[PDB]
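In order, the protein sequence lines correspond to chains A, B, C, D, E and F.
For the first sequence, position 100 matches number 1218 in the deposited numbering, and the numbering has no gaps at all.
For the second sequence, position 15 matches number 16 in the deposited numbering, and the numbering has no gaps at all.
For the third sequence, position 205 matches number 205 in the deposited numbering, and the numbering has no gaps at all.
Numbered per the deposited numbering, the fourth sequence spans residues 933 to 940, 949 to 994.
For the fifth sequence, position 39 matches number 1441 in the deposited numbering, and the numbering has no gaps at all.
For the sixth sequence, position 85 matches number 126 in the deposited numbering, and the numbering has no gaps at all.
By construction, the Cβ of each residue, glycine as well, lies at the ideal position given by its N, Cα and C atoms.
So the structure is just underneath, and the comments pick up after that.
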Amino acid sequence: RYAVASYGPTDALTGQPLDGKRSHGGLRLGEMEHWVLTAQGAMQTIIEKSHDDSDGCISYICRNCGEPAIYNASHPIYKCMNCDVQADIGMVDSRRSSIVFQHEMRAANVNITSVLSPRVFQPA
Amino acid sequence: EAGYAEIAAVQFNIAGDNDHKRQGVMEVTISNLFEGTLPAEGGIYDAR
Amino acid sequence: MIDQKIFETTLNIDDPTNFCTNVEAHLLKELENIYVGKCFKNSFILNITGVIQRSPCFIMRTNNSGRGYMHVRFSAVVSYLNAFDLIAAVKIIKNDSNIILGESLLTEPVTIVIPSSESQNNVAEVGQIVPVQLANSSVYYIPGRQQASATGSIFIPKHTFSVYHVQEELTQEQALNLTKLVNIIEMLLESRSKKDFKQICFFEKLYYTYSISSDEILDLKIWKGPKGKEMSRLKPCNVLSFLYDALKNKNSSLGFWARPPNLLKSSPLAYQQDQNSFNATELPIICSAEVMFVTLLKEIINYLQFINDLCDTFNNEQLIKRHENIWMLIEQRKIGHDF
Amino acid sequence: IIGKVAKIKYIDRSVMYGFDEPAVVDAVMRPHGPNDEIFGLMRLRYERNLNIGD
Amino acid sequence: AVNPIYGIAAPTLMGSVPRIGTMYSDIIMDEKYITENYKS
Amino acid sequence: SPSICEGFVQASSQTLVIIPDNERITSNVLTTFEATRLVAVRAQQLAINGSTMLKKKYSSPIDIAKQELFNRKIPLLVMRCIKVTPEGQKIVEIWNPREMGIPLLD
Ligand SMILES: [Zn+2]
C-alpha cells in the first residue's frame, strides 16, 4: 500500500520526485503510460501529471536568437546574453529534465536554438 | 512582461569559440572550490 | 529625438472573460502599464499612440491555467538619443573618485555616467546643472530600465568644422522628406521667439565660439548674422530658403558646403562655394546632397534645442551666478579677435 | 525514534519513522560494531492479523 | 538540421505537450458575444 | 567565425486569414476532443471569474460549463488551423460552438 500527496523529496538534477515508497517519493507514469494517455487524447492530464506534478517549469527564450534568456519579474532582470538590446523574451512552458537535457547537449558543443512560434495578427 | 510563447522548431548546430564566449556568463580562472560557506568566485562552483 | 516606433508584444491575460468585455480599453491600459517609461528594443518609450494590429485572445495551450494571450502590434511615441548629442541640464548626484553620476532634468529620464579623469573631480560638485556632450553609440537602452545610460563630456564648443563636397542634386521628393525637419525647425523657432531676449542673448554669447562686443549677434526676424567687419566676401545662405527654392528647382546644390565656427550654430545660415577655399584642418568628405542636408538640418535642430533648453532651465539670474563658474570655464576656451 | 546530535553548533541527523502503520519498540540495544563503536539497534514489531488483501 | 516540432516525441523532449486530441484545435474567446452579454 | 545567433532570423509574423463561412470544409459537429476542451477551458475560467449567463444555479464550475455547452451559451470559439502558407499567412476556420452539433458526452 502506498500514497503520496502533492509534495515531498525531489531529485536534485531532474527536479522530479524520488523513486517510490522506499525514498518517500512518487510513483512512475512511464513511457507506455504516456502512449496510452496520448492514444486517449488526454492532454490536460499529461500537463497535470508530467508537468504540474512531476517537474514542470517555465523556460525563457529570446525571440531574436533562440537562446535561453534571463527573466526575473521581482528584482527586475530582463536581458539576453546574446542581444542585450534586441531582447524579446517569451516564456515557454517546459520541464526541468528537458532543460537539463538541452544543457547536456550544449555541454557537448551541439548548439540548440529554439525557434518560437511567430506572432499572428488579424488584418487591419 | 514576458509573453506566452511556444517552440515551433529546433535548430541543431556546432558550437564554436564565439558561441561559448558569448553565451558564457563568467570565466573559470582559479581552482579554488570554496572560499568559505559560499562558493569561490571564479571557480567551477561560482554562483554566476 | 522624438518620433514614432512600431513594437510587437505578446500580452498575457489573467482573466480573459473580463478582458474581452472591452478589448480596446483593456489593451491600451495594459500596454501603458507595461511599456510607458521603460526601455524596449533599443528605444525609450514615452507614449502609446495606439494599437495598429492585434490577434484574437487565444487560450494558452501548454498549461491548465485557463489564461489567455494576445499578440499586439502597437505604435508608440519614443525618444531615441543619437551619438554625440548635446543635453543642457544634468543634476550631478554622485561625485566619487571612480566615476561621476548625474541625471538629466529637461529631457526624458537619462543617467549620464562620466568616467572620472583627474581634471574633472576637482571641478564638478553635487548640485550643479551643466550641459554635456554624448559619445558614439554609448546610449545602450538596456531593456526594462527607466533611463538611458550614456557616457558624456562637459560641453565646450569646438573650434573645428566639417566640409562636404556634394556632386548630386537635391531632388524634389527628398526635399519633401526634409520638410519634416524644416517644420521641426520652424516650431523650435516659434517656441524660442517667446523667450526673454536677455537670456537667449547671454546663452548665445557664452556658447558662441568667438567673442563679440555686445548687441551684434542676433537679428531674430531676419537672421542676418554677426556684423563683424565683413570677414567673408560671401554672405552665408539660409538653409530653409535654399530648401524652399529647391522645392521649386531654381538653385543648384553642388560644390563645397561648410559651417565654420564663426557662423551661429542655431541659425539656418551656412556657407556654400564652388571651390574648396574653406580653411578646414580635415579633408572634405565627398557625399551626396541627401547626407549633407540631413547632417546640417540635424545639427541646426540639435543646437536650437540646446539653446531652448538652456533658456528654459535658467529662468533666474541667481542660478546663472550660481553656475557662473561653468560659464567662465567655457569662456577661457574661446578664441579672441587676433586675426 | 533515535536521537542524534553532531558537533560541528549542532545539526540534527535524527531518524524518523516513515511508515503508514504504527509499530512498537520491541527491543533496543547499544552493541559494538566491527571497529568497536557504539551504534543504535532498534527492533520494530507489528501485530499482524490476517486482513483484506493478504 | 532544422527540426520542426510535431508529433509526440519532438514536443515531449522539448518539455511541451503534443498538439493532439484536446489540444489539436485552438480556442479563442468570443469577443462579439461577451461585449453584448457580459459587463466589466 | 560568427555565432549561430548571427544568421538566425526569427520566424516572421503571420497574418490570420479567416475562411469565409460558406467555404468552410470541416464538420459542423464538435469533435469529442473539441467539446471536452471547450468545457475544460470554460470550467477553469469559471473558477477564475464565475460570471455566467446560465439561468440555473450550480455549485461546480464543471456543471456550469457542461450546461453552458449543452444550452448553447458558452462564450468561446473554435479555431481550426487549416494551413500556414510560406508567404506568411495562417488560413484558419472559425467555428461557433453555439451553432454546431454537440457530440454524445454521456
Ligand atoms: Zn537574444
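Exposed unless 16 or more other CB atoms sit within 10 angstroms - verdict on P1127 (chain A): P1127 (chain A) is exposed by the Cβ-count criterion.
Whole-angstrom distance between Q199 (chain C) and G144 (chain C), CA atom to CA atom: Taking the straight line from one Cα to the other gives about 38 angstroms.
At least 3 beta-carbon pairs within less than 8 angstroms: the stretch 66–76 of chain C vs the stretch 37–57 of chain C: Flag = yes, the stretch 66–76 of chain C and the stretch 37–57 of chain C touch.
For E47 (chain F), verify whether its CB is less than 7 angstroms away from any heavy atom of ligand 1. Set against 7 angstroms, the gap from the CB of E47 (chain F) to the closest heavy atom of ligand 1 is not smaller.
Report yes if the CB atom of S1215 (chain A) is closer than 8 angstroms to the CB atom of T1132 (chain A), and no otherwise. Cβ distance < 8 angstroms, so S1215 (chain A) and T1132 (chain A) count as in contact.
Starting from the Cα of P144 (chain F), find the closest Cα among F:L79, F:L95, F:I135, F:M94 and give me that residue. Of the candidates F:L79, F:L95, F:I135, F:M94, the one whose C-alpha sits nearest the C-alpha of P144 (chain F) is F:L79.
Are the beta-carbon atoms belonging to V239 (chain C) and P260 (chain C) less than 8 angstroms from one another? Contact: no.
Within 7 angstroms: the Cβ of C1183 (chain A) and any heavy atom of ligand 1? Yes; taking the cut-off as 7 angstroms, the Cβ of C1183 (chain A) has a heavy atom of ligand 1 nearer than that.
Alpha helix (DSSP H) runs contained entirely in the stretch 1127–1158 of chain A, provided each spans 4 or more residues: Taking only runs of at least 4 residues, the alpha helix (DSSP H) segments lying wholly in the stretch 1127–1158 of chain A are 1149–1157.
Comparing the C-beta of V1233 (chain A) with each C-beta of chain C, is any distance below 8 angstroms? For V1233 (chain A), the nearest beta carbon of chain C is not closer than 8 angstroms to its own beta carbon.
Does the stretch 64–79 of chain F come into contact with the stretch 1192–1212 of chain A, if we say contact requires no fewer than three beta-carbon pairs (one atom in each stretch) closer than 8 angstroms? These segments do not touch.
For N1182 (chain A) and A52 (chain F), I'd like the C-alpha separation in whole angstroms. Going from the Cα of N1182 (chain A) to the Cα of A52 (chain F) covers about 9 angstroms.
By a C-beta neighbour count over all protein chains shown, 10 Å radius and 16 as the cutoff for buried, is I100 (chain C) buried or exposed? Classification for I100 (chain C): buried.
Ligand 1 and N14 (chain B): does the residue's C-beta get closer than 7 angstroms to at least one heavy atom of that ligand? False, no ligand heavy atom lies under 7 angstroms from that Cβ.
Taking the straight line between their C-alpha atoms, what separation do you get for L181 (chain C) and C46 (chain F)? When only Cα atoms are considered, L181 (chain C) and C46 (chain F) end up about 37 angstroms apart.
Tell me, to the nearest whole angstrom, how far the beta carbon of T209 (chain C) is from that of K334 (chain C); I am working on the premise that it is less than 8 angstroms. Right, their Cβ atoms sit about 7 angstroms apart.
Which residue comes first and which comes last in the alpha helix (DSSP H) that contains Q305 (chain C)? From DSSP, the alpha helix (DSSP H) with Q305 (chain C) extends over 289–313.
Check: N1200 (chain A) C-beta below 7 angstroms from any heavy atom of ligand 1: Within the chosen limit of 7 angstroms, ligand 1 reaches the beta carbon of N1200 (chain A) through at least one heavy atom.
So does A52 (chain F) have its beta carbon nearer than 7 angstroms to some heavy atom of ligand 1? For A52 (chain F), the distance from the CB to the nearest heavy atom of ligand 1 is not below 7 angstroms.
Do you know how far the Cα of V11 (chain B) is from the Cα of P1186 (chain A)? Rounded to whole angstroms, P1186 (chain A) to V11 (chain B) spans 13 angstroms at the Cα level.
Is the distance from the Cβ of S1427 (chain E) to the Cβ of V58 (chain F) below 8 angstroms? Contact: no.
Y1189 (chain A) (DSSP reduced to helix, strand or coil): DSSP places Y1189 (chain A) in strand when its eight states are reduced to three.
Could you give the residue range of the beta strand (DSSP E) that holds residue 1247 (chain A)? What is shown of chain A runs 1119 to 1242, which leaves residue 1247 (chain A) out entirely.
Listed by chain order, chain C residues near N90 (chain F) by CB distance under 7 angstroms: The answer, in chain order, is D15, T17, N18.
Do you know how far the Cα of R83 (chain F) is from the Cα of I115 (chain F)? Each residue's CA atom was taken as its position, placing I115 (chain F) and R83 (chain F) some 7 angstroms apart.
Members of the stretch 1192–1225 of chain A near chain B, C-beta cut-off 7 angstroms: For the stretch 1192–1225 of chain A, the beta-carbon criterion of a distance under 7 angstroms to any beta-carbon of chain B is satisfied by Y1196, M1199, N1200, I1207, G1208, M1209, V1210, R1224.
Are there three or more Cβ pairs, one per stretch, closer than 8 angstroms when the stretch 1153–1165 of chain A is compared with the stretch 105–113 of chain C? They do not touch, by the three-pair rule.
If you draw a straight line from the C-alpha of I1176 (chain A) to the C-alpha of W257 (chain C), how long is it? The straight-line gap separating the alpha-carbon atoms of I1176 (chain A) and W257 (chain C) is approximately 59 angstroms.
Using a 10 Å radius around the Cβ and a threshold of 16 neighbouring Cβ atoms, would you call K265 (chain C) buried or exposed? The residue is buried, with at least 16 neighbouring Cβ atoms inside 10 Å.
Return yes when at least one heavy atom of ligand 1 lies under 7 angstroms from the C-beta of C201 (chain C), else no. Relative to ligand 1, even the nearest heavy atom lies 7 angstroms or more away from the CB of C201 (chain C).
Beta-carbon separation (whole angstroms), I1430 (chain E) vs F58 (chain C), contact threshold 8 angstroms: Going by Cβ atoms, the distance from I1430 (chain E) to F58 (chain C) rounds to 6 angstroms, so yes, they are a contact pair.
Out of curiosity, what's the CA-to-CA distance linking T1437 (chain E) and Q86 (chain F)? Going by the C-alpha atoms only, they are around 16 angstroms apart.
Which chain B residues sit within Cβ distance under 7 angstroms of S44 (chain F)? Listed along the chain, the chain B residues whose CB falls inside 7 angstroms of the CB of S44 (chain F) are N19, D20, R23.
Are the C-beta atoms of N14 (chain B) and some chain F residue less than 8 angstroms apart? Yes, its Cβ sits closer than 8 angstroms to a Cβ of chain F.
Return the chain-ordered ranges of every beta strand (DSSP E) run that is complete within the stretch 122–199 of chain C and spans a minimum of 3 residues. Those beta strand (DSSP E) runs which fall completely within the stretch 122–199 of chain C and span 3+ residues are 163–166.
Can you tell which of A:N1190, A:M1209, A:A1191, A:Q1204 has the C-alpha that lies nearest to the C-alpha of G1174 (chain A)? Comparing Cα-Cα distances from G1174 (chain A) to each of A:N1190, A:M1209, A:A1191, A:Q1204, the minimum goes to A:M1209.
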